[PDB]
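The block underneath contains the structure these notes are about, expressed in structure tokens.
Position 1 is the first residue of the sequence; numbering continues from there. What you see below is based on every heavy atom in this structure, not just the backbone, and it leaves out hydrogens, waters and symmetry mates. Just so you know, ligand 1 is whichever comes first in the structure, and atom 1 is the first atom listed for that ligand.
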Amino acid sequence: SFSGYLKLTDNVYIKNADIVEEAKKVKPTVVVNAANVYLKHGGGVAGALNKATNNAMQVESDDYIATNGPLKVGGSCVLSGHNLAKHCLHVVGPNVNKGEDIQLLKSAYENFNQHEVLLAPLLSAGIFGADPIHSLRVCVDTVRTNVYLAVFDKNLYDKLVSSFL
Ligand SMILES: Clc1ccc2nnnn2n1
């Protein structure tokens, strides 16, 4: 199962790891994708997860959007995890770079509570533009299920652990 994680709280764990490499190693029940409302997996975590599936995630996502329309910011959908996990929980955190309400980050993390254990990135962090320290705080204060956070950047991982209240 999950190895090398630092325990932050009763249910939140963190590791400096590439979430794609982590998913291929663990093959968890649920891998969280840092999705956008259109499920267009172009860059950041979404582009990396999609590239690991040889674009199968994008093909499946386009069929999902054709049938259902876009997700809401703060919302999610469960799709296949392909070669990475049993399922992928595509969660839309607010993109601060697209002027979205950072207050929707708590709503985005609430989606994690529908799954007993998840491998996940910090929502709205990276190319989504939010402060990752704030994202970790919202995560620990919102998620009650077991969440294994993979932080790609070593320097950001160190800052997150060393500043964790
Ligand atoms: Cl290739 C790659 C892998 C992991 C990751 N996390 N954020 N961006 N990113 N990109």
From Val45, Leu49, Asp18, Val20 - option closest to atom 4 (C) of ligand 1 by heavy atom: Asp18
Short N-O contact, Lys24 and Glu21, less than 4.0 angstrom: yes
Nearest-0.5 Å distance, CG of residue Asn50 to CG of residue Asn33: 8.5 Å
Shortest protein heavy-atom distance from atom 5 (C) of ligand 1, along with the residue and atom involved: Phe152 CG, 3.7 Å
Side chain to side chain contact (heavy atoms under 4.5 Å, CB included) assessment of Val143 paired with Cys139: CA-CA 6 Å; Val143 185; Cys139 180; 4.0 Å; yes
4.0 Å heavy-atom contact, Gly44 with ligand 1: yes
Test: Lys40 and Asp62 ion pair at under 4.0 Å: yes
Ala48 neighbourhood, listing ligand 1 atoms whose heavy-atom distance to it stays under 4.0 Å: 1 (Cl), 2 (C), 3 (C), 10 (N)
